[PDB]
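**Student:** so I pulled this structure from the PDB, and the sequence comes with it:
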Amino acid sequence: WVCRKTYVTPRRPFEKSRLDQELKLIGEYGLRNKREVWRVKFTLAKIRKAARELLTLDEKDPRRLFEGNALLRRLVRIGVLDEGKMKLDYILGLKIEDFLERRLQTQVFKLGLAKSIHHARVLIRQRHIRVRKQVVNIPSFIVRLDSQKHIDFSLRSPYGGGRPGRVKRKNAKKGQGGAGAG
Amino acid sequence: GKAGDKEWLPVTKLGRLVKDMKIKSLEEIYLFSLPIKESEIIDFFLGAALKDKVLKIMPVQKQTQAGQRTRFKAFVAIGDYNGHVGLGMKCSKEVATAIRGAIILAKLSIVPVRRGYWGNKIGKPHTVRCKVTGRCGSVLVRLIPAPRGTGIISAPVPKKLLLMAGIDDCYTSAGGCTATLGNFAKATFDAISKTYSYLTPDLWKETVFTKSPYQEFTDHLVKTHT
Amino acid sequence: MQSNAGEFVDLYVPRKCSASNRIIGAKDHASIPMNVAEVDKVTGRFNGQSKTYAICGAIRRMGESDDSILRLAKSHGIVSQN
Amino acid sequence: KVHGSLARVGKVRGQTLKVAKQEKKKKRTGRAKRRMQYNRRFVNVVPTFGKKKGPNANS
Amino acid sequence: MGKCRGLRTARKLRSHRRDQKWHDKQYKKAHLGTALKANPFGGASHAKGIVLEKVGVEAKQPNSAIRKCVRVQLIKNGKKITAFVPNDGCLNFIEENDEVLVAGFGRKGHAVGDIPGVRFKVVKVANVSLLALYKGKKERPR
RNA sequence: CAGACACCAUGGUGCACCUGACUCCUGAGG
RNA sequence: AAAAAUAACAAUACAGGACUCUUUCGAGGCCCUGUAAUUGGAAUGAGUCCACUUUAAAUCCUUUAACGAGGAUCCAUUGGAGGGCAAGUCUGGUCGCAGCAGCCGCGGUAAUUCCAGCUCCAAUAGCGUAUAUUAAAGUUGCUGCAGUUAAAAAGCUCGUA
């Protein structure tokens, strides 16, 4: 049908200081690679351009009003932006970090069963949590406000309760085959 | 180990007033448009949060009577991140000496650069209020203000100057020779300073003029001479 | 240079001129004013309270300044034999 | 110029032989290696020792 | 500057720009199809040929070396071209009538290095990759 | 200003080179 | 084009810093990052697989009894590290040879450009290369070019479109 890239490649391939900056973001927020950072760079740039367009439209104009409100509402739903600010001027001031902080991984750190921004990502990818009664396997995700009230253990990781898989049973048989000697 | 030292020697009214603290900032001096010929004045009012960046260390030369001769030409730029910047060029026999002199020269030349906005008016200046252009040798750099979160879109050498200038958001276009770096920095230096030289309608409102600090402090500044 | 309703941006407010209506910028050379003393008149003997005129680089290099000062001084007073 | 005669080929390779160090450890995969660079450089040993120094510099 | 700018002068600007466009060397060669006619790349990107002969080339100064090229007649284009053989001691694996995949160099349409009349480089010998032979990932099958 | 004023050609090459942190450390005393 | 695995967490052995004690040295101290020695639980599908599901009938997915990680492994790559250009004032080998080299230039014996090894860098299930076209390019200049001398005002005037 139709497809599109979710990331962007900048015009200078080596730019040492920037490469370091990008590595630091990866460290802080537990990411896979530069493509993860580029993924946010693509989204953020489009949001700023959206904002900037609206801001140069005439005031009290249906298009500016309707799409303004929509852009604001979306950014507040995911908890990047706060609605005590709530106009175009403030949206421009947002940066890469503000998005990353509202991801599933960084919530799984902040509460629950991760010990690091390391651990968290591996926990999500190995299906140790449900967000509600719904497993989430994607760490780069961005949870909404009231979805951070339902992050909890899964019933398909058998610690935190759940049906025995073959990893709990593996540990059982280090006591009944490792120490059972058979 | 090694450690610095500082000493004040006045040869002028301005040096004495600064140390006595009848002048508390460079801004007063800039307003009156009086020269600064003592590095100590800049050191005393600031002397912290002053970053010196050597832009290039490039040698040049002239031919002496018997064989060659060569010397080092250094470009140093200085500035706080609060809207004050300087540029100083010095040429000396060795690399180290050329940079050492260049730093002193850079401090002396320190000039205010006006900071303004793209269109905003709340949340404090992030760019310039007017597009300013500067030319050096047929290189022309044009600075254009940019809105927040855009960042500085410039070549590395102008970007560093803009950073110190307090312009965190800027569009640039530079046209002309791109092989030459001393010219490129100089042209950007001309541009940033030009923001004060523009008369905006927010700057129209007029003032009754200084009575000069030389005249007013005349009695004070008898120490053994006025 | 104000922002908003009258918030202060700005590093300082520069001097202006009235001999060509152009600002004295930012550290420029050949930029100085000119304090003429007032005399109280009638009993003579200087009393304060300076009259100050602001002279810019521009006017001086274009050799205007001599005439300008007289126009400025006369228009607002006061010197004997006008 | 134009010429016609090949002479000597693989002269340097005819007297240089390769060898191998094998592994104490694997060269690290994806995400783990990317994280490892940031920790090894910065959070260790928080940098306070030395200056002006490369990751492979003999300077 | 030096152009017309009235209120009806659209036609004059439109045609004047078109007329002057042709002067530029980069433009002209491509638009007159010269690039295809003279050089075998332009209208192709890669081309396979049969090896005519192996040439030793006593490289023109500066730089003192025997550069060592092959001469290839491309099947598709039908043009005889001398192409550089890169990689160290890799001349060897070429044989007369054994094919090679040839590709352009990097200047595009013009000679490279210190050697004139060569503006192309070999990429595969025996259609199985010179690179793979040099590394020793793959063996010469022929 | 205002005395005299002529033939004469030819000839080759490389390395000029780039960063900041004051001790002989005093070493009876210290 | 999309998602982003190939391990994560403690312990100890160390290299480290806020905190405390001590005049300091030194020691304790939490957070850990790496590097040993191996581990300890604790986890997961890549494979494997009853069953349920899919579907025209099937396949695969999404669903799951029973299995599947202590390590040089269930074991990632492709180019670069003289300049532009990120990363070797590398070690051995060669010595204007073989090669390198878009371009600038290296190599003629103490080669930081080669050829291998080692280390490091960049991007990372992708990366290199060739080529067309686009951007950068105000090097086609409408917005927005240049023409005294750098490439460029017709010998001059009349004059219609």
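**Tutor:** It's in. Numbering: from 1, shown residues only, chains lettered A, B, ... in the order given.

**Student:** residue of chain B closest to RNA strand F, please.
**Tutor:** residue B:2 (3.4 Å; C-beta to the nearest atom of the strand). (Each C-beta comes from the backbone N, C-alpha and C, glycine too.)

**Student:** for burial, what's the neighbour tally of that residue?
**Tutor:** When neighbours are counted by other C-beta atoms under 10 Å in any protein chain shown, residue B:2 registers 3.

**Student:** please apply the same query to the one 5 residues further on.
**Tutor:** Residue B:7 is surrounded by 5 other residues when neighbours are defined as other C-beta under 10 Å.

**Student:** how about the residues of chain D by RNA strand F?
**Tutor:** D:51-52, D:59 (C-beta under 7 Å from any atom of the strand).

**Student:** which neighbouring elements make contact with the helix or strand containing residue E:54?
**Tutor:** When elements are assigned from DSSP states H and E, residue E:54 belongs to strand E:46-55. Counting contacts by 3 or more C-beta pairs under 8 Å, 6 or more residues apart in numbering or on different chains; DSSP states H and E, strand E:46-55 is packed against strand E:69-74, strand E:80-84, strand E:100-104.

**Student:** would you pull up the residue in chain C closest to RNA strand G?
**Tutor:** residue C:61 (24.4 Å).

**Student:** next, count neighbours for that residue.
**Tutor:** For residue C:61, using other C-beta under 10 Å, the count is 11.

**Student:** same check on the one 5 residues further on?
**Tutor:** Residue C:66 has 9 neighbouring residues, counting by other C-beta under 10 Å.

**Student:** identify the bridge partners of the most centrally placed residue in chain B.
**Tutor:** Against the mean C-alpha coordinate of chain B, by C-alpha atoms, centre = their mean, the closest residue is residue B:86 at 2.0 Å. Residue B:86 forms beta bridges with residue B:78, as assigned by DSSP bridges.

**Student:** the one 5 residues further on too?
**Tutor:** Applying DSSP bridges to residue B:91 gives these bridge partners: residue B:73.

**Student:** verify the contact between it and residue B:76 for me.
**Tutor:** No. If you go by C-beta atoms under 8 Å, residue B:91 and residue B:76 don't touch, sitting 11.9 Å apart.

**Student:** which one's more surrounded, those two?
**Tutor:** Taking neighbours as other C-beta under 10 Å, residue B:91 and residue B:76 compare with residue B:76 leading, 25 against 15.

**Student:** quick check: which element contains the more buried one?
**Tutor:** Short version, using DSSP H and E: residue B:76 is in strand B:71-79.

**Student:** gap between that strand and the chain center?
**Tutor:** Taking C-alpha atoms, centre = their mean, to the nearest Å, one finds the center of strand B:71-79 at 13 Å from the center of the full chain.

**Student:** I'd assumed residue A:51 was in a helix, is it?
**Tutor:** Yes. Judged by DSSP: H, G, I helix; E, B strand; the rest coil, residue A:51 forms part of a helix.

**Student:** give me the neighbour count for it.
**Tutor:** 24.

**Student:** same deal with residue A:170?
**Tutor:** Neighbours around residue A:170, by other C-beta under 10 Å: 11.

**Student:** next, the residue of chain B closest to RNA strand F: secondary structure please.
**Tutor:** coil.
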